[PDB]
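**Student:** Contents of my_file-v1.cif (mmCIF, C-alpha atoms) are given next:
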```cif
data_query
#
loop_
_atom_site.label_atom_id
_atom_site.label_comp_id
_atom_site.auth_asym_id
_atom_site.auth_seq_id
_atom_site.Cartn_x
_atom_site.Cartn_y
_atom_site.Cartn_z
CA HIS A 69 78.81 108.42 104.08
CA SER A 70 79.06 106.85 107.54
CA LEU A 71 82.24 108.83 108.33
CA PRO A 72 83.10 112.42 107.26
CA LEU A 73 85.30 112.67 104.18
CA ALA A 74 86.78 115.93 105.36
CA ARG A 75 88.13 114.34 108.52
CA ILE A 76 89.47 111.40 106.50
CA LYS A 77 91.26 113.85 104.22
CA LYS A 78 92.48 115.60 107.29
CA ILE A 79 94.02 112.39 108.59
CA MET A 80 95.53 111.51 105.23
CA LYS A 81 97.11 114.98 105.03
CA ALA A 82 98.98 114.73 108.37
CA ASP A 83 101.40 112.55 106.48
CA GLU A 84 104.09 115.03 105.26
CA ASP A 85 104.59 113.11 101.97
CA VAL A 86 100.97 113.30 100.88
CA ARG A 87 100.37 115.83 98.11
CA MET A 88 97.03 115.86 96.23
CA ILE A 89 94.34 113.32 96.99
CA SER A 90 91.86 112.06 94.43
CA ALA A 91 88.31 112.66 95.57
CA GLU A 92 87.66 108.90 95.38
CA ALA A 93 90.28 108.21 98.02
CA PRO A 94 88.37 109.51 101.09
CA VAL A 95 85.33 107.67 99.66
CA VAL A 96 87.22 104.38 99.50
CA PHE A 97 88.43 105.02 103.08
CA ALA A 98 84.97 105.77 104.46
CA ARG A 99 83.81 102.31 103.41
CA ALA A 100 87.14 100.64 104.24
CA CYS A 101 87.18 102.18 107.73
CA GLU A 102 83.68 100.78 108.33
CA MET A 103 84.87 97.29 107.44
CA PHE A 104 87.89 97.71 109.69
CA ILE A 105 85.74 98.87 112.62
CA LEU A 106 83.29 96.04 112.10
CA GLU A 107 86.00 93.42 111.90
CA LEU A 108 88.01 94.69 114.83
CA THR A 109 84.96 95.13 117.06
CA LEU A 110 83.78 91.60 116.24
CA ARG A 111 87.14 90.05 117.09
CA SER A 112 87.25 92.17 120.26
CA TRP A 113 83.78 90.87 121.16
CA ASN A 114 84.95 87.26 120.88
CA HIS A 115 87.24 88.04 123.80
CA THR A 116 84.39 89.79 125.66
CA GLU A 117 82.18 86.70 125.35
CA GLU A 118 85.16 84.49 126.23
CA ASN A 119 85.38 86.28 129.58
CA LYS A 120 81.53 86.01 129.68
CA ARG A 121 81.24 89.74 130.06
CA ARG A 122 78.67 91.89 128.33
CA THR A 123 80.74 95.09 127.92
CA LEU A 124 83.30 95.49 125.15
CA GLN A 125 86.28 97.02 127.02
CA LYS A 126 89.68 98.30 125.90
CA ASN A 127 91.37 95.11 127.08
CA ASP A 128 89.25 93.15 124.61
CA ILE A 129 90.52 95.31 121.75
CA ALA A 130 94.10 94.86 123.01
CA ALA A 131 93.45 91.13 122.99
CA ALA A 132 92.03 91.02 119.44
CA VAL A 133 95.09 92.87 118.16
CA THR A 134 97.64 90.29 119.29
CA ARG A 135 95.61 87.36 117.94
CA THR A 136 95.63 88.37 114.27
CA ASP A 137 98.62 89.18 112.12
CA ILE A 138 97.21 91.98 109.93
CA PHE A 139 96.90 94.08 113.13
CA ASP A 140 100.59 94.21 114.22
CA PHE A 141 100.53 97.90 113.34
CA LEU A 142 98.17 98.37 116.29
CA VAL A 143 100.20 96.70 119.07
CA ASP A 144 101.74 99.98 120.28
CA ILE A 145 98.41 101.83 120.10
CA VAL A 146 96.83 99.30 122.49
CA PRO A 147 99.34 97.25 124.50
CA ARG A 148 98.63 94.65 127.24
CA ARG B 26 92.72 115.17 124.25
CA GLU B 27 92.29 116.62 120.74
CA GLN B 28 89.54 114.95 118.72
CA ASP B 29 90.43 117.11 115.72
CA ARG B 30 92.67 114.42 114.28
CA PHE B 31 90.37 111.48 114.90
CA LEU B 32 87.21 110.38 113.23
CA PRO B 33 84.16 111.47 115.31
CA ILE B 34 83.30 109.21 118.24
CA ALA B 35 79.57 109.26 117.43
CA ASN B 36 80.20 107.77 114.00
CA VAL B 37 82.72 105.18 115.28
CA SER B 38 80.51 104.12 118.17
CA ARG B 39 77.45 103.71 116.01
CA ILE B 40 79.50 101.55 113.68
CA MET B 41 80.71 99.36 116.61
CA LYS B 42 77.18 98.65 117.85
CA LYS B 43 75.88 97.31 114.54
CA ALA B 44 78.52 94.62 114.71
CA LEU B 45 77.40 93.75 118.22
CA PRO B 46 74.42 92.03 119.83
CA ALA B 47 71.70 94.38 120.99
CA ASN B 48 72.48 93.64 124.61
CA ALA B 49 76.15 94.58 124.14
CA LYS B 50 77.63 97.48 126.06
CA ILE B 51 80.84 99.23 125.05
CA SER B 52 83.05 101.06 127.49
CA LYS B 53 83.68 104.73 126.83
CA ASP B 54 87.29 103.63 126.90
CA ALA B 55 86.80 101.14 124.06
CA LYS B 56 84.94 103.71 121.93
CA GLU B 57 87.92 106.02 122.38
CA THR B 58 90.39 103.24 121.68
CA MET B 59 88.59 102.14 118.55
CA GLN B 60 88.68 105.79 117.49
CA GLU B 61 92.47 105.69 117.59
CA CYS B 62 92.80 102.27 115.93
CA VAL B 63 90.67 103.29 112.94
CA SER B 64 92.56 106.59 112.57
CA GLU B 65 95.82 104.61 112.57
CA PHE B 66 94.38 102.37 109.86
CA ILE B 67 94.03 105.43 107.63
CA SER B 68 97.59 106.58 108.27
CA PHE B 69 99.01 103.06 107.83
CA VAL B 70 97.27 102.53 104.50
CA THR B 71 98.02 106.11 103.40
CA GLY B 72 101.74 105.78 104.18
CA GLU B 73 102.05 102.76 101.89
CA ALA B 74 100.09 104.36 99.03
CA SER B 75 102.10 107.55 99.43
CA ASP B 76 105.31 105.56 99.27
CA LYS B 77 104.23 103.94 96.00
CA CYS B 78 103.22 107.30 94.51
CA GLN B 79 106.66 108.54 95.57
CA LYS B 80 108.42 105.64 93.83
CA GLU B 81 106.43 106.33 90.69
CA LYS B 82 107.02 110.12 90.80
CA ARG B 83 103.25 110.64 90.93
CA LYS B 84 101.73 113.38 93.05
CA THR B 85 98.14 112.14 93.56
CA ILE B 86 96.86 109.30 95.73
CA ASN B 87 94.06 107.79 93.63
CA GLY B 88 91.51 105.23 94.71
CA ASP B 89 93.53 102.42 93.11
CA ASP B 90 96.53 103.32 95.18
CA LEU B 91 94.58 102.77 98.43
CA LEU B 92 93.34 99.38 97.19
CA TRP B 93 96.83 98.41 96.09
CA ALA B 94 98.14 99.44 99.49
CA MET B 95 95.43 97.50 101.30
CA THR B 96 96.50 94.35 99.45
CA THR B 97 100.18 94.99 100.18
CA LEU B 98 99.52 95.32 103.91
CA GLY B 99 97.33 92.22 104.04
CA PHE B 100 93.79 93.57 103.78
CA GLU B 101 92.98 91.86 100.49
CA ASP B 102 89.70 90.56 101.96
CA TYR B 103 88.50 94.21 101.85
CA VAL B 104 89.63 94.93 98.30
CA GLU B 105 87.04 93.14 96.20
CA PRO B 106 84.10 94.53 98.29
CA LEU B 107 85.67 97.97 98.02
CA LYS B 108 85.97 97.74 94.20
CA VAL B 109 82.24 96.95 93.98
CA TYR B 110 81.49 99.87 96.25
CA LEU B 111 83.69 102.12 94.16
CA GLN B 112 81.84 101.19 90.98
CA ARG B 113 78.48 101.96 92.58
CA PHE B 114 79.98 105.33 93.47
CA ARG B 115 81.26 106.01 89.87
CA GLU B 116 78.05 104.96 88.12
#
```
Can the structure in the file be given as structure tokens, please?
**Tutor:**
Amino acid sequence: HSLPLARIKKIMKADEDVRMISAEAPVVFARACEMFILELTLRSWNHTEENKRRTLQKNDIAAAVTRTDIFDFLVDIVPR
Amino acid sequence: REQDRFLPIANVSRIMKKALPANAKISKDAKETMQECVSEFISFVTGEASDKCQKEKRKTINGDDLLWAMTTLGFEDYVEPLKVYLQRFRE
């Protein structure tokens, strides 16, 4: 796996309501997280190229978040 | 701060770069930020799946529950690719 299943489990388990977790669930997340990271970095990069900069910076991620609906849950994590 | 509760930066960063042109740079700040966004994705999706397990008096989050939650929160574009991945894992 790209990302460690134990850390994924760890994150899932911080939620007080989570009980047992099927062993497939971290596996689904490892792949799903990849796809999320790819898609958010690519939308962030559109902003980076728009400013004709070559560095992806935090402000690009902030920008990508506002521009797509499925990312509302991230507006407090990265404001501006 | 504490990187115990986040996915490791070296895995996240290496994932960011493959999406990007070879000349791209990424701030250390962005790496760290993407670390937090992806960790929030897990919690967000897990919350929804846990809520549905709770409504159904079930105690285990299965793979299907994550996929169902992804669709509910608008990530349906991920769900078919994920099913295919999950089959390659089960076979």
**Student:** What is the distance, in Å and to one decimal place, between atom CA of residue A:127 and atom CA of residue B:28?
**Tutor:**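 Atom CA of residue A:127 sits 21.6 Å away from atom CA of residue B:28.
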**Student:** Report as a ChimeraX atom specification the full result of the PyMOL selection byres ((chain A and resi 76) around 9) when it is applied to this structure.
**Tutor:** /A:71-75,77-81,94-95,97-98 /B:30-32,64,67
**Student:** Neighbouring residues of residue A:139 were defined as those with any atom within 10 Å, considering all atoms listed in the file; residues of the same chain fewer than 3 positions away were excluded. Please report them as a ChimeraX atom specification.
**Tutor:** /A:108,132-136,142-143 /B:62,66,98-100
**Student:** Enter the distance from atom CA of residue A:70 to atom CA of residue A:123, in Å, rounded to one decimal.
**Tutor:**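 Taking atom CA of residue A:70 as the start and atom CA of residue A:123 as the end point, the length is 23.6 Å.
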**Student:** When you draw a straight line from atom CA of residue B:47 to atom CA of residue B:60, how long is it in Å?
**Tutor:**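 Computing it gives 20.8 Å between the two atoms.
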**Student:** Please determine, counting only C-alpha atoms, which residue among A:145, A:110, A:101, A:93 has the shortest atom-to-atom distance to residue B:49.
**Tutor:**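 Closest candidate: A:110.
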**Student:** Let me make sure I understand: among B:48, B:87, B:58, B:112, which one has the smallest atom-to-atom distance to residue A:126 if we use only C-alpha atoms?
**Tutor:** B:58
**Student:** Quick check on the file I pasted: which residues fall under the PyMOL selection byres ((chain B) within 9 of (chain A))? Write them as a PyMOL selection string.
**Tutor:** chain B and resi 29-33+36-37+40-45+48-69+71-72+75-76+79+84-92+98-100+103-104+107-108+110-111+114-115
**Student:** Write out as AutoDock Vina command-line options an axis-aligned box for stretch 26-30 of chain B: all of its atoms listed in the file, 8 Å added on each side, centre and edge lengths in Å with one decimal.
**Tutor:**
```
--center_x 91.1 --center_y 115.8 --center_z 119.3 --size_x 19.2 --size_y 18.7 --size_z 26.0
```
